[PDB]
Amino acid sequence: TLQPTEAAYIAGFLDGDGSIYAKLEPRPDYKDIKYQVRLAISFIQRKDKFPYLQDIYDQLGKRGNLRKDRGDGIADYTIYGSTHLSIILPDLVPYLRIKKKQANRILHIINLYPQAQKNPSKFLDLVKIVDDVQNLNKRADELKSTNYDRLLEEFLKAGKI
């Protein structure tokens, strides 16, 4: 399993060529709350260095999806989902620096997600942390995410609250 200096390297790389992010995705097929909250970490690189992704994917138990070419000659590696992530993030957080907060927020969401699914109220708190993470991945001079505001309205103007 994952060694320390192996975990700290990955953290160092993630912090440079990588991403920890959360998004609110539309779910027309759903019932009450028509949005699944997605969670991910990703590594990005020019396709010719793909084997270096392959590496970081092997050491991480081969969780996630390797892509030798998004299409624009860039290769990447995305790990979706609270399952992979509840196992991966904790190994990395201690060494993460730039994206530590983001990671700690992802876990935060993972710990709150279960009871948040069918509770429109507690789901708003969850969606807040989606704003926090996206915000973290912004310059302090850009528009700030607003899924929380844009969804409380859809909520109210629909009965759920």
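Throughout, we count residues from 1 along the sequence that is shown.
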Of 5 to 13 and 18 to 26, the stretch whose C-alpha atoms average the higher B-factor in the entry: 18 to 26
Which of 93 to 101 and 33 to 41 has higher mean CA B factor, as the PDB entry lists it: 33 to 41
Modelled-residue ranking by C-alpha temperature factor, third containing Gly73: middle
Third assignment of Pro120 from its chain's C-alpha B-factors: highest
Chain thirds of CA B-factor: placement of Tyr52: middle
